[PDB]
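Here the structure comes first, spelled out in structure tokens, and everything after it is commentary.
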Amino acid sequence: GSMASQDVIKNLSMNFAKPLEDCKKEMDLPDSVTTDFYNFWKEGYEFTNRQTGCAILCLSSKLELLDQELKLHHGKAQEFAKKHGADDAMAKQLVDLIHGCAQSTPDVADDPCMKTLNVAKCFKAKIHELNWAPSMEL
Ligand SMILES: CCCCCC/C=C\CCCCCCCC=O
């Protein structure tokens with residue numbers, strides 16, 4: 001049921017967010033990214049700025065979910081999801097949701113941080129629509 005699917009997202013999210021303090025230190029990210037992560041799954045919450053996108057790219061990179069062009073590694077993102085409780089079907093759906101979101105998000109400004117932040121917003125909305133958003137912070 002919806003709560004068990006939210007717990008997979010919850011598990012994925014906490015694991016994804018673990019090295020955030022290291023990404024903050026390494027890239028001199030501002031304290032607002034920690035707030036944005038705390039509120040990541042809050043309905044209606046609007047992200048501060050592109051630095052939250054920089055934080056998402058760093059976390060992805062640390063989990064080696066990015067390829068050389070700072071784009072999602074589909075196979076590695078799938079396996080990440082499965083190691084944190086997703087079945088093959090759910091893992092594939094999540095990768096499809098991110099990919100769709102990347103495709104419907106043009107990077108006109110050559111700004112991966114902004115683009116990643118817009119991909120994240122698109123992804124968060126899709127998860128909310130599936131009622132797969134947990135009520136717990138990162
Ligand atoms: C559970 C926490 C998930 C937070 C949102 C992560 C979304 C995208 C990661 C960034 C990768 C896609 C952005 C680059 C476009 C190409 O692929």
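Residues are named by chain letter and number: chains run A, B, ... in the order of the structure tokens, numbers start at 1 in each chain, and ligands are numbered from 1 in the order shown.
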
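Contact shell of segment 69-73 of chain A at 10 Å (only C-alpha atoms; same-chain neighbours under 2 positions omitted): residues 57, 58, 60, 61, 64, 65, 66, 67, 75, 76, 77, 78, 95, 98, 99, 102, 112, 113 and 116 of chain A.
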
Out of segment 2-83 of chain A, which residues get helix (DSSP H, G or I) from DSSP, as a VMD selection string? chain A and resid 2 to 17 20 to 27 32 to 38 51 to 62 74 to 83

Written file, previous selection with C-alpha atoms, as an mmCIF file, in the first residue's frame:
data_model
loop_
_atom_site.group_PDB
_atom_site.id
_atom_site.type_symbol
_atom_site.label_atom_id
_atom_site.label_comp_id
_atom_site.auth_asym_id
_atom_site.auth_seq_id
_atom_site.Cartn_x
_atom_site.Cartn_y
_atom_site.Cartn_z
ATOM 1 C CA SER A 2 0.840 3.737 -0.425
ATOM 2 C CA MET A 3 2.722 3.880 2.987
ATOM 3 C CA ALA A 4 5.084 0.951 2.007
ATOM 4 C CA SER A 5 5.889 2.723 -1.361
ATOM 5 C CA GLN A 6 6.501 6.008 0.617
ATOM 6 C CA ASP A 7 8.950 4.000 2.876
ATOM 7 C CA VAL A 8 11.006 2.943 -0.217
ATOM 8 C CA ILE A 9 11.155 6.672 -1.280
ATOM 9 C CA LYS A 10 11.960 7.529 2.376
ATOM 10 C CA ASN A 11 14.807 4.886 2.382
ATOM 11 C CA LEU A 12 16.164 6.004 -1.042
ATOM 12 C CA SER A 13 16.010 9.694 0.084
ATOM 13 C CA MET A 14 17.838 9.316 3.465
ATOM 14 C CA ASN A 15 20.575 7.190 1.781
ATOM 15 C CA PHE A 16 20.790 9.667 -1.175
ATOM 16 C CA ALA A 17 21.049 12.640 1.290
ATOM 17 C CA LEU A 20 25.129 16.295 2.179
ATOM 18 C CA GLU A 21 27.414 17.808 4.900
ATOM 19 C CA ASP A 22 30.465 16.620 2.830
ATOM 20 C CA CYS A 23 28.997 18.136 -0.421
ATOM 21 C CA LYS A 24 28.368 21.394 1.533
ATOM 22 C CA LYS A 25 32.039 21.438 2.708
ATOM 23 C CA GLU A 26 33.585 20.375 -0.681
ATOM 24 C CA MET A 27 31.593 22.914 -2.841
ATOM 25 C CA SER A 32 19.752 26.910 2.608
ATOM 26 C CA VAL A 33 20.466 23.552 0.803
ATOM 27 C CA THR A 34 20.189 21.757 4.244
ATOM 28 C CA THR A 35 16.742 23.476 4.765
ATOM 29 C CA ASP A 36 15.600 22.549 1.205
ATOM 30 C CA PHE A 37 16.537 18.877 1.922
ATOM 31 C CA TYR A 38 14.759 18.969 5.320
ATOM 32 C CA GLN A 51 22.717 25.612 -5.167
ATOM 33 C CA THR A 52 20.208 22.838 -4.132
ATOM 34 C CA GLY A 53 20.673 21.546 -7.702
ATOM 35 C CA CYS A 54 24.473 21.680 -7.184
ATOM 36 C CA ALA A 55 23.900 19.652 -3.950
ATOM 37 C CA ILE A 56 21.751 17.016 -5.819
ATOM 38 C CA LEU A 57 24.539 16.631 -8.508
ATOM 39 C CA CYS A 58 27.245 16.217 -5.800
ATOM 40 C CA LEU A 59 25.138 13.541 -3.935
ATOM 41 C CA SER A 60 24.443 11.728 -7.257
ATOM 42 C CA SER A 61 28.208 11.843 -8.064
ATOM 43 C CA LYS A 62 29.149 10.472 -4.583
ATOM 44 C CA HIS A 74 19.957 4.633 -15.737
ATOM 45 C CA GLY A 75 21.368 1.157 -14.788
ATOM 46 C CA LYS A 76 23.244 2.485 -11.704
ATOM 47 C CA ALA A 77 20.183 4.563 -10.563
ATOM 48 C CA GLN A 78 18.021 1.389 -11.019
ATOM 49 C CA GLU A 79 20.393 -0.737 -8.882
ATOM 50 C CA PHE A 80 20.660 2.042 -6.223
ATOM 51 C CA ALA A 81 16.803 1.969 -5.905
ATOM 52 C CA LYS A 82 16.758 -1.882 -5.653
ATOM 53 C CA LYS A 83 19.503 -1.951 -2.945
#

Considering only C-alpha atoms and all ligand atoms, can you say which of A:128, A:18, A:84, A:115 comes closest to ligand 1?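 The closest residue to ligand 1 is A:115.
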